[PDB]
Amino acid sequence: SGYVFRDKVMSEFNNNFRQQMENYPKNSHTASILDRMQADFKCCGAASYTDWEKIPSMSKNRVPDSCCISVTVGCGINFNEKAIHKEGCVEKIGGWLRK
C-alpha cells in the first residue's frame, strides 16, 4: 500500500532499478551496467545498501564491489559497513523524472 513516489514515471523507474537488481546475479552483462551506476553515483541499491540482503543468489553479508567507497576486487565479500556507500541510487540518478 505504501509508495516511495507519487508520479507514475518516477515510481516505474524505481521498480525498473529494483528489477535489474534481481537480475544482477543472473547475468554478467546486467551486473556490469549496475556496477557503473553504483560506482559513478557512489551509491548502493535502490534506497539503501541493505536492499541487497533481499536479492537471491547474492551471498550473505555481501554487496557488489561497486558499492565500496574504494572499488577493489572482492571488497564486497564479507563487507564492512564503514567501507561502503549506504545511500541508495534511485533518487540521485532519476530524481529529474518527478513532476
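Quick note: we count residues from 1 along the sequence shown, nothing fancier.
*Asks:* What stretch has the higher average Cα B-factor here, 60-68 or 37-45?
*Replies:* Higher of the two, by average CA B-factor, is 60-68.
*Asks:* On mean Cα temperature factor in this entry, is 51-59 or 28-36 the higher one?
*Replies:* Looking at the record's C-alpha B-factors, the answer is 51-59.
*Asks:* I'd like to know which of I77, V90, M10, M21 has the highest C-alpha temperature factor in the PDB entry.
*Replies:* Reading the PDB entry, the winner on C-alpha B-factor is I77.
*Asks:* Name the third of the chain's ranked CA B-factors that contains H85, choosing lowest, middle or highest.
*Replies:* Lowest third - that is where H85 ends up once the chain's C-alpha B-factors are sorted.
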